[PDB]
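Student: no letters, just coordinates:
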């Protein structure tokens, strides 16, 4: 495996070389501070010796360092360090690869010795290698060999000579002479501490058998640094630092073989080439008109030396390798001389641009090695490549021109250009040359932009001629002319390369969103690409067509976001008006092996250049598989689709590419009215979420508009919610008094104000499972996340009809197809289809009635009437069975109604549709599946359901005891602040059947000392509701139900002990969970020990509550505890032995509780000193922290640890 050897060594070594570079800088008086300011020491010249502080060197090296000084100021310090580091790394890797494969003339290892670790073959053949490299001074080297010492110097000299020899064959990688990096070459190569030994014996040689390993370097040597430049804003320097990957071979072969091979086969269908190309795609059938039109432009014959392949982003160059393979196959088929084939291919068949010098060097080396593998006589001819990297333009305008002395050699020295000197074309004009100035002016910020700079085609041919002249000046001119030509070559070369027109383009554009783009890049994108400015690859794809000529091709692999999203929507339209698809493979996630994360969802597509809307493309579906399975399925031609016309994509609104979609569905989409613009967007508040939004049960009924009359301070407001059908989620209240004067002060957004308080349908803007719409009566306000629907004053579309249509399977499927991201903005909803009928109205009415009846059986709804179990007088089990039967009947009725609606819609449309996830889910609390989620098996939710029912019964009984509920009348009894009016209700006899506590304080202890014990009142309530004869069996049943799932059953106890334990242990958690951390019953606990705990109703509370509670409870409890302690102490002397022991220990705990109680009393004393009065409108979360530690779980509610007095 590659990662076993190449990885775990490539990244670390990247830093190591850099360190050596720093060392060299320290030896040359070159340094930078923390801020990066230049700290270059001043050279001292004494005795032809240069000194930089302490270090010294011979005078001959002085001028070279001066160039480095320029390198210090022309660019960044770290830039130069990294440049030298990767240059040396690439050179060493290339030398190792060449020596291992034995392509050298002499055929001797340099970095190691065969069958002898830590040695050198050249040391055994010094005269031969010296003659091969340096015949002129070999004898002196032999003297060094005669010396036996200075082995390091001899090795360094041999390495430098080998590099100089290798310069000629690869001018783009090795320098001939006067290389500054020679001074930067690390010393002590012969010593074991040198990194050369690690490079030699850190990777097995068996990995050096294929070119593939080279590519891995391009993905590893920077990978570590990628981790430091990922997820942040990216500058120009770091543009390649986080957008370098590797591509699997099969994808590249699919891209290449279906672009050039198809063009070749169209001209010559009878050729023995399709057999070799395994990934070629057989075109589908076409109409005779399409065939006639296509055959009208197919060329009769194409010269082999006329095909152009261009790569805007080469990197490793494996795409170029595949192209070279295909072109070699074509040339061999034609019948040229075999060994002549490679060089010709490298002449006018490959072109590559990149933005990193390292990538260009790697690509050149890879191509040269691939060519060498087959041709033996390569490297003996000066073959010049065309894989280059862009260069910035900062040079003297005319000084280089003056040094050119063009008129002296041929012509055009002073004023002669391609045009006249004073032509003044565009803005560059011609101080010395027209074309030169025009070309140079367009590369001012080339490093910032890249391959996106456009060049006019008309200037192509002339440029070519100009290039030739420079080629005649590098060898047949004076020193000044040669250096000027060398300086000016790259700019003209890259301009001419960009100025051509090509046939096939293959590339893998880098991925970078809006965040990565800097200000300059973003403003350039906005200026140049209005329709694709969202992301880089969109601009890349749009611009790639600018270089293709007629009958071109574009093959690319990129993210699938442009397929559906509306941001690229216009782009999609522009594709469907002038282009013509050929093929597309949707890979989705789980592709790009050796890469963590499934966010990468990519597709590979091949698109023609001309326009023909009646062609039939070929698609594929390879989403749900692993890499090997995807490759096998593509090999086996799995999941094909050839039943779609290109023009049909323009009928679906939004123009989304949906290949797997049927045809009848698309046709039926058109002949149906749309929803129109009835949908509106809800209002929004700036930052007042916690200022006006509250839960309904925590405010006064008078302050509630829905419950109260006359004055209005609060209003319900729907907002979000989970999946829910036809009714629910009315659990948020907002403050809108005096037409939102406070909101207008807050400057909150207000939209469609005049249409408020109107009945209609509402849907959730941001969902996670699907789409659903719910009814809403009048007197409501809708949030921005609660965009609503309102029918016109006089139109045939009723709200019930729309609600019936929306929740059908057809609408859900269409919505899923349109927006696969589960996001529902107003605009997309505005273009939904809608049907018209009459039975749908009554069916929707019945569904709404059933849903509302289901929702009106819980305390969380203000429309609560009464508990279900108290309507049956037979028995507890009988009432439970009746309740279960009622829920089952509701479920069955809803299921039948949904089935009938679906059947009616399907028969109206006339074609069946598929079923998907959550297509038949029932959103009722009666359904155990929806209420309790999904488990491994059914039948588990019986004991839990019974326990929850009994818990609800106990909670209702507690609420009745508190006075909130009364059995005399239905609905809410008293929910007003300050307990005011309680005496009037007592006089009215609202609690006639069941007395209500006068002080609104519920003690909770383990003894029956208090006459108002919760347990005793519960027993009285049960005996009143269900009589006295069957009291014991009912209590046993309730205890069993509680022991089922609520708490672990105890070994031996009666019903009363179980009830008391459940109340003292589990009740608070259940209440908090039910009311979602906004409790209405406040618990005051003396401590963790059950010394004293009481419950208080929030509404009935007032200032006098605290002192009255303290006086009426703590002092009598203190007296009782003191008397019990005195009695126990008196009896302790009477008792003896173990009988006394159990009497003593508990006593301690008791007095411990007593002590704790005293402490609580002290705390109470503090709050007995001050009088506290609060308001509901302040906020329960706000007010809960006003009592210090008198409450429990204060951090859970208030969100922070409470203070202490």
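Tutor: Okay, I see it. Numbering: from 1, shown residues only.
Student: quick check: chain neighbours aside, which residue is closest to residue 533?
Tutor: What sits nearest to residue 533 in space, not counting adjacent residues and going by Cβ to Cβ, 6 or more residues apart in numbering, is residue 525, at 4.3 Å. The C-beta positions use only the backbone N, C-alpha and C, and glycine is treated the same way.
Student: for the helix or strand hosting residue 126, name the packing helices and strands.
Tutor: Residue 126 belongs to helix 126-133 when elements are defined using DSSP states H and E. The elements that helix 126-133 packs onto, with contact taken as 3 or more Cβ pairs under 8 Å, 6 or more residues apart in numbering; DSSP states H and E, are helix 138-147, helix 151-167.
Student: ok, back up a step: correct me, but the residue nearest to residue 533 touches residue 540?
Tutor: No - look at residue 525 against residue 540 with Cβ atoms under 8 Å: they stay out of range, at 11.0 Å.
Student: roughly how far apart are residue 769 and residue 848?
Tutor: Taken as Cβ to Cβ, to the nearest Å, the spacing of residue 769 relative to residue 848 amounts to 21 Å.
Student: those two: which is more packed in?
Tutor: Comparing residue 769 with residue 848 by neighbour count (other Cβ atoms under 10 Å), the higher total belongs to residue 848, at 19 against 11.
Student: contacts only, for the more buried one.
Tutor: For residue 848, the contacting residues are 726, 727, 775, 800, 803, by Cβ atoms under 8 Å, 6 or more residues apart in numbering.
Student: tell me the strands beside the longest strand belonging to the chain, with direction?
Tutor: Longest strand in the chain by number of residues, with DSSP state E as the criterion: strand 548-559. Its sheet considered, strand 548-559 pairs with strand 502-507 (parallel), strand 602-607 (antiparallel) by DSSP bridges.
Student: nearest to residue 1065, of the ones you listed?
Tutor: Between residue 1065 and the strands paired with strand 548-559, the tightest spacing by Cβ to Cβ is seen for strand 602-607, at 55.5 Å.
Student: which residues sit against the closest one?
Tutor: Surrounding strand 602-607, the residues in contact under the criterion Cβ under 8 Å, 6+ apart are 251, 254-255, 258-259, 553-560, 563, 575, 579-588, 591-592.
Student: can you say which of those residues are buried?
Tutor: Among the contacts of strand 602-607, those buried by neighbour count (16 or more other Cβ atoms under 10 Å) are 251, 254-255, 258-259, 553-560, 563, 575, 579-588, 591-592.
Student: which ones are touching the residue minimising distance to the centre of the chain?
Tutor: The residue lying closest to the centre of the chain (Cα atoms, centre = their mean) is residue 599, at 6.0 Å. Residues counted as contacts of residue 599 (Cβ under 8 Å, 6+ apart) are residue 589.
Student: got phi/psi on it?
Tutor: Here the main-chain torsion angles of residue 599 (degrees, to the nearest 10) amount to phi -60, psi -30.
Student: pipe the contacts of residue 848 into CSV and attach secondary structure per row.
Tutor: Putting these into CSV (DSSP: H, G, I helix; E, B strand; the rest coil) gives the following:
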residue, secondary structure
726, strand
727, coil
775, strand
800, helix
803, helix
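Student: show me what counts as buried in whichever helix in the chain runs longest.
Tutor: Using DSSP state H to assign secondary structure, the helix with the most residues in the chain is helix 876-909. Neighbour-count burial for helix 876-909, with 16+ other Cβ under 10 Å as criterion, is recorded at 876, 879-880, 883, 887, 890-891, 894, 898, 901-902, 904-905, 909.
Student: which helix or strand contains the residue nearest to residue 1012 when sequence neighbours are not counted?
Tutor: Ranked by Cβ to Cβ, 6+ apart and with sequence neighbours excluded, the top spatial neighbour of residue 1012 is residue 997, at 5.9 Å. When secondary structure is defined using DSSP H and E, no element contains residue 997, which sits outside every helix and strand.
Student: quick check: the gap between residue 997 and residue 1101.
Tutor: Taken as Cβ to Cβ, the spacing of residue 997 relative to residue 1101 amounts to 13 Å.
Student: neighbours of the residue nearest to residue 648 when sequence neighbours are not counted, how many?
Tutor: With sequence-adjacent residues excluded and distances taken as Cβ to Cβ, 6+ apart, residue 648 is closest to residue 666, at 5.8 Å. Using other Cβ under 10 Å, residue 666 has 16 neighbouring residues.
Student: surely residue 666 meets residue 650?
Tutor: No - here residue 666 does not reach residue 650: they are 10.3 Å apart, not a contact under Cβ under 8 Å.
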